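Dropping my_file_19.tsv in here (TSV, C-alpha atoms and all ligand atoms):
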```tsv
chain	number	residue	atom	x	y	z
Q	1	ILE	CA	102.07	-75.45	-146.93
Q	2	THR	CA	98.94	-73.66	-145.72
Q	3	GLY	CA	99.48	-70.02	-144.87
Q	4	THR	CA	99.01	-66.52	-146.18
Q	5	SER	CA	100.67	-65.00	-149.20
Q	6	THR	CA	103.42	-62.48	-148.40
Q	7	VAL	CA	106.15	-60.54	-150.23
Q	8	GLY	CA	109.75	-60.84	-149.11
Q	9	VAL	CA	112.86	-59.11	-150.37
Q	10	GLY	CA	116.30	-60.46	-151.03
Q	11	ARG	CA	119.43	-60.43	-153.14
Q	12	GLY	CA	120.25	-62.88	-155.90
Q	13	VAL	CA	123.52	-64.51	-156.91
Q	14	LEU	CA	124.67	-61.44	-158.84
Q	15	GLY	CA	123.90	-59.07	-155.95
Q	16	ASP	CA	120.68	-57.60	-157.33
Q	17	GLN	CA	117.76	-56.90	-155.03
Q	18	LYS	CA	114.36	-58.31	-155.88
Q	19	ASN	CA	110.99	-58.98	-154.30
Q	20	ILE	CA	109.86	-62.59	-153.99
Q	21	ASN	CA	106.46	-64.13	-153.31
Q	22	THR	CA	106.51	-66.06	-150.03
Q	23	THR	CA	104.03	-67.76	-147.69
Q	24	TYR	CA	103.80	-67.04	-143.97
Q	25	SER	CA	102.99	-69.76	-141.45
Q	26	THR	CA	105.30	-69.42	-138.40
Q	27	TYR	CA	108.19	-69.07	-140.88
Q	28	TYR	CA	108.26	-67.33	-144.25
Q	29	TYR	CA	108.56	-70.01	-146.93
Q	30	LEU	CA	109.70	-69.74	-150.56
Q	31	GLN	CA	106.22	-70.63	-151.78
Q	32	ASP	CA	104.69	-68.32	-154.40
Q	33	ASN	CA	100.92	-68.77	-154.46
Q	34	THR	CA	100.36	-66.15	-157.17
Q	35	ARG	CA	101.30	-68.46	-160.07
Q	36	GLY	CA	99.27	-71.56	-160.86
Q	37	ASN	CA	99.36	-74.18	-158.12
Q	38	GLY	CA	102.47	-72.59	-156.69
Q	39	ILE	CA	106.21	-72.23	-157.10
Q	40	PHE	CA	108.13	-73.95	-154.32
Q	41	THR	CA	111.87	-73.64	-153.62
Q	42	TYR	CA	113.79	-76.09	-151.43
Q	43	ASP	CA	117.16	-76.31	-149.66
Q	44	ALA	CA	119.10	-79.47	-150.56
Q	45	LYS	CA	121.71	-78.53	-147.90
Q	46	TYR	CA	124.71	-79.67	-150.00
Q	47	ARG	CA	123.28	-83.21	-150.19
Q	48	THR	CA	121.87	-85.15	-153.15
Q	49	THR	CA	118.61	-86.19	-151.52
Q	50	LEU	CA	115.72	-84.42	-153.22
Q	51	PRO	CA	113.87	-82.23	-152.87
Q	52	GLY	CA	115.24	-81.36	-149.44
Q	53	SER	CA	113.35	-78.96	-147.20
Q	54	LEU	CA	110.93	-76.26	-148.30
Q	55	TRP	CA	112.93	-73.08	-147.79
Q	56	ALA	CA	112.07	-71.44	-144.46
Q	57	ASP	CA	113.20	-68.01	-143.29
Q	58	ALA	CA	112.50	-66.29	-139.98
Q	59	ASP	CA	112.05	-62.69	-141.18
Q	60	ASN	CA	111.11	-62.63	-144.90
Q	61	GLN	CA	114.45	-60.96	-145.77
Q	62	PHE	CA	116.78	-63.02	-147.95
Q	63	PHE	CA	120.11	-61.16	-148.03
Q	64	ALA	CA	122.45	-63.85	-146.71
Q	65	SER	CA	124.98	-65.34	-149.11
Q	66	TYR	CA	123.39	-68.75	-148.51
Q	67	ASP	CA	120.00	-67.33	-149.56
Q	68	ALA	CA	121.09	-65.99	-152.96
Q	69	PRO	CA	120.69	-69.17	-155.08
Q	70	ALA	CA	117.24	-69.73	-153.60
Q	71	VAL	CA	116.12	-66.16	-154.32
Q	72	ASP	CA	117.06	-66.51	-157.98
Q	73	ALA	CA	115.71	-70.04	-158.49
Q	74	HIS	CA	112.39	-68.88	-157.06
Q	75	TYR	CA	112.23	-65.54	-158.87
Q	76	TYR	CA	113.37	-66.82	-162.27
Q	77	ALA	CA	110.92	-69.72	-162.09
Q	78	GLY	CA	108.27	-67.01	-161.74
Q	79	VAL	CA	109.58	-65.11	-164.77
Q	80	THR	CA	109.60	-68.32	-166.80
Q	81	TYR	CA	106.03	-69.11	-165.72
Q	82	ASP	CA	105.01	-65.59	-166.76
Q	83	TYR	CA	106.66	-65.96	-170.17
Q	84	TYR	CA	104.84	-69.19	-170.97
Q	85	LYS	CA	101.50	-67.87	-169.70
Q	86	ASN	CA	101.64	-64.37	-171.19
Q	87	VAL	CA	103.32	-65.23	-174.51
Q	88	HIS	CA	102.06	-68.75	-175.28
Q	89	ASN	CA	98.92	-69.07	-173.13
Q	90	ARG	CA	100.52	-72.08	-171.42
Q	91	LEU	CA	99.82	-72.56	-167.71
Q	92	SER	CA	102.97	-74.05	-166.18
Q	93	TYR	CA	104.92	-76.87	-167.76
Q	94	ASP	CA	102.00	-79.31	-168.07
Q	95	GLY	CA	99.51	-76.70	-169.30
Q	96	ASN	CA	97.40	-77.33	-166.16
Q	97	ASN	CA	99.25	-75.15	-163.64
Q	98	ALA	CA	101.42	-77.92	-162.16
Q	99	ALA	CA	103.38	-76.82	-159.11
Q	100	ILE	CA	106.96	-75.85	-160.00
Q	101	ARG	CA	109.55	-77.19	-157.56
Q	102	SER	CA	113.24	-76.30	-157.42
Q	103	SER	CA	116.08	-77.34	-155.11
Q	104	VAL	CA	119.25	-75.32	-154.59
Q	105	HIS	CA	122.52	-76.10	-152.84
Q	106	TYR	CA	122.51	-79.51	-154.53
Q	107	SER	CA	125.66	-81.47	-153.64
Q	108	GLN	CA	129.06	-79.83	-153.13
Q	109	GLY	CA	130.79	-77.80	-155.83
Q	110	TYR	CA	128.34	-79.13	-158.41
Q	111	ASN	CA	128.89	-77.51	-161.81
Q	112	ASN	CA	125.48	-78.20	-163.30
Q	113	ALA	CA	121.70	-77.76	-163.14
Q	114	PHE	CA	118.98	-80.04	-164.45
Q	115	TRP	CA	115.33	-81.00	-164.68
Q	116	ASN	CA	115.04	-84.50	-163.20
Q	117	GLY	CA	111.60	-85.45	-164.52
Q	118	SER	CA	109.86	-83.96	-161.47
Q	119	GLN	CA	111.69	-80.77	-160.45
Q	120	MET	CA	114.57	-78.40	-161.16
Q	121	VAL	CA	117.91	-78.91	-159.38
Q	122	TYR	CA	120.77	-76.38	-159.10
Q	123	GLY	CA	124.34	-76.85	-158.01
Q	124	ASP	CA	126.34	-74.03	-156.46
Q	125	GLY	CA	129.26	-74.50	-158.82
Q	126	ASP	CA	132.85	-74.86	-157.64
Q	127	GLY	CA	133.43	-71.09	-157.73
Q	128	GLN	CA	135.78	-71.36	-160.73
Q	129	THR	CA	133.82	-73.05	-163.52
Q	130	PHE	CA	130.46	-71.80	-162.20
Q	131	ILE	CA	128.87	-69.72	-159.48
Q	132	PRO	CA	125.42	-70.90	-158.33
Q	133	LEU	CA	123.63	-71.78	-161.52
Q	134	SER	CA	120.22	-70.35	-160.67
Q	135	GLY	CA	121.81	-66.93	-161.15
Q	136	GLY	CA	121.35	-67.40	-164.90
Q	137	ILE	CA	117.81	-66.69	-166.11
Q	138	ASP	CA	118.60	-68.55	-169.34
Q	139	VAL	CA	119.75	-71.56	-167.29
Q	140	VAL	CA	116.56	-71.59	-165.20
Q	141	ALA	CA	114.34	-71.23	-168.27
Q	142	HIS	CA	116.36	-73.86	-170.16
Q	143	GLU	CA	115.66	-76.31	-167.31
Q	144	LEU	CA	111.95	-75.54	-167.01
Q	145	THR	CA	111.66	-75.87	-170.79
Q	146	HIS	CA	112.76	-79.50	-170.50
Q	147	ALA	CA	109.60	-80.02	-168.42
Q	148	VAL	CA	107.52	-78.42	-171.18
Q	149	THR	CA	109.16	-80.72	-173.72
Q	150	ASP	CA	108.59	-83.78	-171.53
Q	151	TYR	CA	104.84	-83.02	-171.43
Q	152	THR	CA	104.53	-82.21	-175.15
Q	153	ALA	CA	106.81	-83.57	-177.89
Q	154	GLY	CA	108.57	-85.92	-175.48
Q	155	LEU	CA	111.84	-85.84	-177.44
Q	156	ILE	CA	114.06	-88.76	-176.38
Q	157	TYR	CA	117.31	-87.52	-174.84
Q	158	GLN	CA	119.75	-89.08	-177.31
Q	159	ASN	CA	121.12	-88.42	-180.81
Q	160	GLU	CA	119.17	-86.01	-183.04
Q	161	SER	CA	115.96	-85.97	-181.00
Q	162	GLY	CA	118.04	-85.20	-177.91
Q	163	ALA	CA	119.91	-82.41	-179.69
Q	164	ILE	CA	116.52	-80.93	-180.63
Q	165	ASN	CA	115.45	-81.29	-176.99
Q	166	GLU	CA	118.54	-79.34	-175.92
Q	167	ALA	CA	118.12	-76.68	-178.62
Q	168	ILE	CA	114.47	-76.12	-177.66
Q	169	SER	CA	115.65	-75.45	-174.10
Q	170	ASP	CA	118.36	-73.04	-175.32
Q	171	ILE	CA	115.88	-71.25	-177.61
Q	172	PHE	CA	113.25	-70.70	-174.93
Q	173	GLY	CA	115.88	-70.03	-172.28
Q	174	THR	CA	117.11	-67.22	-174.50
Q	175	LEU	CA	113.60	-65.96	-175.30
Q	176	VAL	CA	112.86	-65.81	-171.56
Q	177	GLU	CA	116.11	-63.87	-171.08
Q	178	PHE	CA	114.93	-61.39	-173.72
Q	179	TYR	CA	111.46	-61.26	-172.10
Q	180	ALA	CA	113.00	-60.19	-168.78
Q	181	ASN	CA	115.17	-57.76	-170.76
Q	182	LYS	CA	118.24	-57.69	-168.47
Q	183	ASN	CA	121.42	-57.91	-170.56
Q	184	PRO	CA	119.84	-60.28	-173.11
Q	185	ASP	CA	121.97	-62.13	-175.63
Q	186	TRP	CA	122.15	-65.31	-177.72
Q	187	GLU	CA	124.71	-67.01	-175.45
Q	188	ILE	CA	123.93	-69.59	-172.76
Q	189	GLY	CA	124.98	-69.31	-169.13
Q	190	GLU	CA	127.17	-66.21	-169.37
Q	191	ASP	CA	125.89	-64.83	-166.05
Q	192	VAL	CA	127.11	-67.80	-163.99
Q	193	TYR	CA	129.98	-69.29	-166.04
Q	194	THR	CA	133.65	-68.69	-165.17
Q	195	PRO	CA	133.58	-65.68	-162.83
Q	196	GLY	CA	137.27	-65.13	-163.63
Q	197	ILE	CA	136.78	-64.79	-167.42
Q	198	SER	CA	134.71	-62.06	-169.05
Q	199	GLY	CA	132.78	-62.44	-172.27
Q	200	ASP	CA	132.47	-66.24	-172.43
Q	201	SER	CA	129.61	-68.68	-171.91
Q	202	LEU	CA	128.77	-72.37	-172.16
Q	203	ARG	CA	127.38	-72.16	-175.69
Q	204	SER	CA	126.62	-69.58	-178.36
Q	205	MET	CA	123.52	-69.76	-180.54
Q	206	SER	CA	124.73	-67.02	-182.89
Q	207	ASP	CA	128.12	-68.70	-183.45
Q	208	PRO	CA	128.16	-72.19	-181.95
Q	209	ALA	CA	131.70	-72.79	-183.24
Q	210	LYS	CA	132.99	-70.16	-180.77
Q	211	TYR	CA	132.84	-72.95	-178.16
Q	212	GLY	CA	133.54	-75.91	-180.47
Q	213	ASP	CA	129.98	-76.81	-181.39
Q	214	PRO	CA	128.85	-77.47	-184.97
Q	215	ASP	CA	127.00	-74.86	-187.02
Q	216	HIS	CA	126.28	-77.10	-190.01
Q	217	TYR	CA	124.94	-80.63	-190.32
Q	218	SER	CA	128.12	-81.68	-192.13
Q	219	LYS	CA	130.01	-81.00	-188.87
Q	220	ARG	CA	127.69	-82.98	-186.62
Q	221	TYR	CA	129.17	-85.19	-183.92
Q	222	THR	CA	128.52	-88.86	-184.63
Q	223	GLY	CA	130.06	-90.49	-181.54
Q	224	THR	CA	128.57	-91.75	-178.28
Q	225	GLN	CA	129.73	-89.10	-175.80
Q	226	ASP	CA	127.08	-86.83	-174.27
Q	227	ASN	CA	124.21	-89.17	-175.24
Q	228	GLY	CA	125.28	-88.85	-178.85
Q	229	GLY	CA	126.23	-85.19	-178.65
Q	230	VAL	CA	122.98	-83.67	-177.38
Q	231	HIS	CA	124.75	-80.53	-176.06
Q	232	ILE	CA	127.01	-80.44	-179.15
Q	233	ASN	CA	124.69	-81.01	-182.13
Q	234	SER	CA	122.21	-78.63	-180.50
Q	235	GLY	CA	124.42	-75.96	-182.10
Q	236	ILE	CA	123.08	-76.85	-185.54
Q	237	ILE	CA	119.49	-76.15	-184.47
Q	238	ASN	CA	120.45	-73.18	-182.29
Q	239	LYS	CA	122.13	-71.60	-185.31
Q	240	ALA	CA	119.04	-72.17	-187.44
Q	241	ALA	CA	116.85	-70.55	-184.78
Q	242	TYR	CA	119.23	-67.59	-184.47
Q	243	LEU	CA	119.14	-67.15	-188.25
Q	244	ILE	CA	115.32	-67.32	-188.36
Q	245	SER	CA	115.10	-64.55	-185.77
Q	246	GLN	CA	118.04	-62.30	-186.63
Q	247	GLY	CA	118.90	-63.16	-190.23
Q	248	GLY	CA	122.31	-63.44	-191.76
Q	249	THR	CA	124.35	-65.19	-194.38
Q	250	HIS	CA	125.87	-68.51	-193.31
Q	251	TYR	CA	127.99	-70.74	-195.54
Q	252	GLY	CA	126.82	-68.59	-198.44
Q	253	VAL	CA	123.09	-69.00	-197.72
Q	254	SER	CA	121.14	-65.81	-196.95
Q	255	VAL	CA	118.34	-65.74	-194.36
Q	256	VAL	CA	115.92	-62.84	-193.87
Q	257	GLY	CA	115.27	-62.47	-190.15
Q	258	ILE	CA	111.70	-62.36	-188.84
Q	259	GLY	CA	112.38	-61.48	-185.19
Q	260	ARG	CA	112.36	-63.21	-181.83
Q	261	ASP	CA	108.61	-63.15	-181.27
Q	262	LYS	CA	107.82	-65.03	-184.48
Q	263	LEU	CA	110.68	-67.46	-183.82
Q	264	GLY	CA	109.06	-68.21	-180.47
Q	265	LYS	CA	105.61	-68.68	-182.00
Q	266	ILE	CA	106.92	-71.00	-184.71
Q	267	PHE	CA	109.00	-73.17	-182.38
Q	268	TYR	CA	106.33	-73.27	-179.66
Q	269	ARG	CA	103.80	-74.53	-182.20
Q	270	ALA	CA	106.29	-77.02	-183.62
Q	271	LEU	CA	107.08	-78.32	-180.14
Q	272	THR	CA	103.47	-78.70	-179.04
Q	273	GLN	CA	101.75	-79.78	-182.27
Q	274	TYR	CA	104.22	-81.48	-184.61
Q	275	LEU	CA	107.30	-82.91	-182.91
Q	276	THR	CA	107.32	-86.47	-181.56
Q	277	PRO	CA	109.65	-88.40	-179.25
Q	278	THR	CA	111.84	-89.60	-182.14
Q	279	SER	CA	111.82	-86.54	-184.40
Q	280	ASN	CA	115.10	-85.99	-186.23
Q	281	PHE	CA	116.50	-82.75	-187.64
Q	282	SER	CA	114.80	-83.18	-191.03
Q	283	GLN	CA	111.49	-83.75	-189.23
Q	284	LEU	CA	112.07	-80.61	-187.14
Q	285	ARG	CA	112.51	-78.62	-190.35
Q	286	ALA	CA	109.19	-79.98	-191.61
Q	287	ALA	CA	107.53	-79.23	-188.28
Q	288	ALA	CA	108.82	-75.64	-188.33
Q	289	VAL	CA	107.73	-75.14	-191.95
Q	290	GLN	CA	104.25	-76.41	-191.15
Q	291	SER	CA	104.01	-74.28	-188.00
Q	292	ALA	CA	105.03	-71.14	-189.89
Q	293	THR	CA	102.51	-72.04	-192.60
Q	294	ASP	CA	99.73	-72.35	-189.99
Q	295	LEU	CA	100.62	-69.02	-188.38
Q	296	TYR	CA	101.58	-66.85	-191.35
Q	297	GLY	CA	100.56	-68.56	-194.61
Q	298	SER	CA	102.33	-70.73	-197.16
Q	299	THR	CA	103.54	-67.77	-199.25
Q	300	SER	CA	104.77	-65.81	-196.25
Q	301	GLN	CA	108.24	-64.45	-195.64
Q	302	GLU	CA	108.16	-66.41	-192.37
Q	303	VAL	CA	107.89	-69.77	-194.16
Q	304	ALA	CA	110.54	-68.74	-196.68
Q	305	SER	CA	112.93	-67.74	-193.87
Q	306	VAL	CA	112.45	-71.03	-192.00
Q	307	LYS	CA	113.48	-72.86	-195.18
Q	308	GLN	CA	116.54	-70.66	-195.79
Q	309	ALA	CA	117.70	-71.07	-192.17
Q	310	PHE	CA	117.55	-74.87	-192.31
Q	311	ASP	CA	119.23	-74.74	-195.75
Q	312	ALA	CA	122.01	-72.62	-194.24
Q	313	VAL	CA	122.76	-75.28	-191.59
Q	314	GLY	CA	122.54	-78.16	-194.07
Q	315	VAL	CA	119.25	-79.68	-192.88
Q	316	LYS	CA	116.81	-80.70	-195.63
P	401	LIG	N1	130.77	-78.26	-176.54
P	401	LIG	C1	132.20	-78.47	-176.81
P	401	LIG	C2	132.40	-79.75	-177.65
P	401	LIG	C3	133.86	-79.99	-177.90
P	401	LIG	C4	134.69	-80.49	-176.90
P	401	LIG	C5	136.05	-80.62	-177.13
P	401	LIG	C6	136.54	-80.27	-178.36
P	401	LIG	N2	135.76	-79.80	-179.35
P	401	LIG	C7	134.46	-79.67	-179.10
P	402	CA	CA	116.12	-63.90	-143.35
P	403	CA	CA	122.66	-62.18	-170.79
P	404	CA	CA	122.18	-65.68	-172.19
P	405	CA	CA	132.74	-65.96	-167.46
P	406	ZN	ZN	119.37	-79.19	-171.08
```

Would you write out, as structure tokens, the structure that this file holds?
Amino acid sequence: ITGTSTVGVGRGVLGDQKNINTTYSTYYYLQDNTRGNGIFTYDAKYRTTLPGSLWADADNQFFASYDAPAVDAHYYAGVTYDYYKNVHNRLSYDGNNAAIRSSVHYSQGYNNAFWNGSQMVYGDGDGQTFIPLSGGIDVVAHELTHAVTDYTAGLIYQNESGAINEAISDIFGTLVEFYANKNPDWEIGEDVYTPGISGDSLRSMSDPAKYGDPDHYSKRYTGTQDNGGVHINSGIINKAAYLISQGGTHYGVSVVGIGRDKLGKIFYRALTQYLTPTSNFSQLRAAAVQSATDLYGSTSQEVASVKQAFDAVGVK
């Protein structure tokens, strides 16, 4: 909407206070005009119609329990925008400052969040499996990264290309979590998953098998569930990315780590220059090798480490 840019204050899902960019016109709206063509957050009001209503607040203070998922969806979309702009010189998900839209309070007890091709959508969780999913910065950034993928490589959401799609979202979700530097880790969703259980998460990149996901191509899922295992076989690529960044020995193969920043540069370049809608795991390895060659040189440690990491997970 048309109005003037303002700064509100609120509390997120985890009870932390933060400032949020709003717009004043009669009401204060969750519309951040400081980033691209705007970040807009909507109330789905427990329904499944989307987007719902642009979030309106009478006083620019967002401390009600009902406000918390909206505060975090809005704020973490801003952090994710900042990561892509400041780290990769990418302006929003399309590279042209497309407006970023999110809806919260989607459905009732909905234990998921997603990018729907047009916008991000967050359930509130059922209070046992999840609390409202926008409380996880890695979740928010995972979702917005699907939009980046859609506009770049276009990886089809099935089988190996879909597992790459998922892993790219986990990788950049994690790199955004490190960028914000609040309790960063290599696990996915820990801040919103199972409030009654400490120390768990949906997935681990450092040890995918902790939650039943494969960490070697020989253990890949070959069935039809989950669009051919897109959230399962992602563990093979997540493990490779973890090894590239942090190093380690895995099934007897040693990888010299090169750090998170170079991991991000290599995978961002692979995603935006080399991957295609039908890329498989072997093609991802080649894309990563070529990206590291472009950035660091063919004889570099970085190229050598990409090769050892894919070797370690059984991808040639
Ligand atoms: N992401 C968990 C995949 C899975 C499910 C059930 C048993 N083993 C593995
Ligand atoms: Ca208020
Ligand atoms: Ca964390
Ligand atoms: Ca995490
Ligand atoms: Ca938990
Ligand atoms: Zn995903």

Query raised in the report: In Å, with one decimal, what is the gap from CA of residue 136 in chain Q to CA of residue 176 in chain Q?
Result: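 The value is 10.9 Å.
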
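Taking CA of residue 260 in chain Q and CA of residue 276 in chain Q as the two end points, the separation is 23.8 Å.
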
Report task. Give me the residues within 12 Å of residue 234 in chain Q as a ChimeraX atom specification, counting all atoms listed in the file and dropping any in the same chain fewer than 2 places off. Result -> /Q:157-171,203-205,207-209,212-217,219-221,226-232,236-241,280-281,313

Requested in this report: Collect all residues with atoms no farther than 6 Å from ligand CA 402 (chain P), counting only C-alpha atoms and all ligand atoms, and output them as a list in words.
Outcome: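 Selection of residues at most 6 Å from ligand CA 402 (chain P): residues 57, 58, 59, 60, 61 and 62 of chain Q.
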
Deliver the residues from the most recent selection as a file, using C-alpha atoms, as a tab-separated table (two decimals), in the coordinates of the input.
```
chain	number	residue	atom	x	y	z
Q	57	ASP	CA	113.20	-68.01	-143.29
Q	58	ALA	CA	112.50	-66.29	-139.98
Q	59	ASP	CA	112.05	-62.69	-141.18
Q	60	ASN	CA	111.11	-62.63	-144.90
Q	61	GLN	CA	114.45	-60.96	-145.77
Q	62	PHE	CA	116.78	-63.02	-147.95
```

Report task. Go through the chains and note each residue within 12 Å of ligand CA 404 (chain P), using only C-alpha atoms and all ligand atoms, then give the set as a PyMOL selection string. Result -> chain Q and resi 135-142+169-193+199-206

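Shortest separation to residue 101 in chain Q among Q:306, Q:271, Q:77, Q:87 occurs at residue Q:77, atoms counted being all atoms listed in the file.
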
Query raised in the report: So, counting all atoms listed in the file, which residue among Q:131, Q:255, Q:148, Q:50 is closest to ligand ZN 406 (chain P)?
Result: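 Using all atoms listed in the file, ligand ZN 406 (chain P) sits closest to Q:148.
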
What are the centre and edge lengths in Å, to one decimal, of the axis-aligned box around all listed atoms of ligand LIG 401 (chain P) with 5 Å added on each side, as AutoDock Vina command-line options?
```
--center_x 133.7 --center_y -79.4 --center_z -177.9 --size_x 15.8 --size_y 12.4 --size_z 12.8
```

Query - For CA of residue 145 in chain Q and CA of residue 15 in chain Q, the interatomic separation in Å (one decimal) - result: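 CA of residue 15 in chain Q lies at a distance of 25.5 Å from CA of residue 145 in chain Q.
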
Requested in this report: Compile the contact shell of residue 29 in chain Q as a PyMOL selection string: residues with an atom at most 6 Å away, counting all atoms listed in the file, same-chain residues fewer than 2 positions apart removed.
Outcome: chain Q and resi 22-23+31+55-56

Keeping only C-alpha atoms, take the residues you just selected and write them out as a PDB file, keeping the file's coordinate frame.
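out.pdb, written as the output of this step:
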```pdb
ATOM      1  CA  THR Q  22     106.510 -66.060-150.030  1.00  0.00           C
ATOM      2  CA  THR Q  23     104.030 -67.760-147.690  1.00  0.00           C
ATOM      3  CA  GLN Q  31     106.220 -70.630-151.780  1.00  0.00           C
ATOM      4  CA  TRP Q  55     112.930 -73.080-147.790  1.00  0.00           C
ATOM      5  CA  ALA Q  56     112.070 -71.440-144.460  1.00  0.00           C
TER       6      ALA Q  56
END
```

Query raised in the report: Taking into account only C-alpha atoms and all ligand atoms, which residue in the set Q:113, Q:53, Q:235, Q:95 is nearest to ligand LIG 401 (chain P)?
Result: Q:235
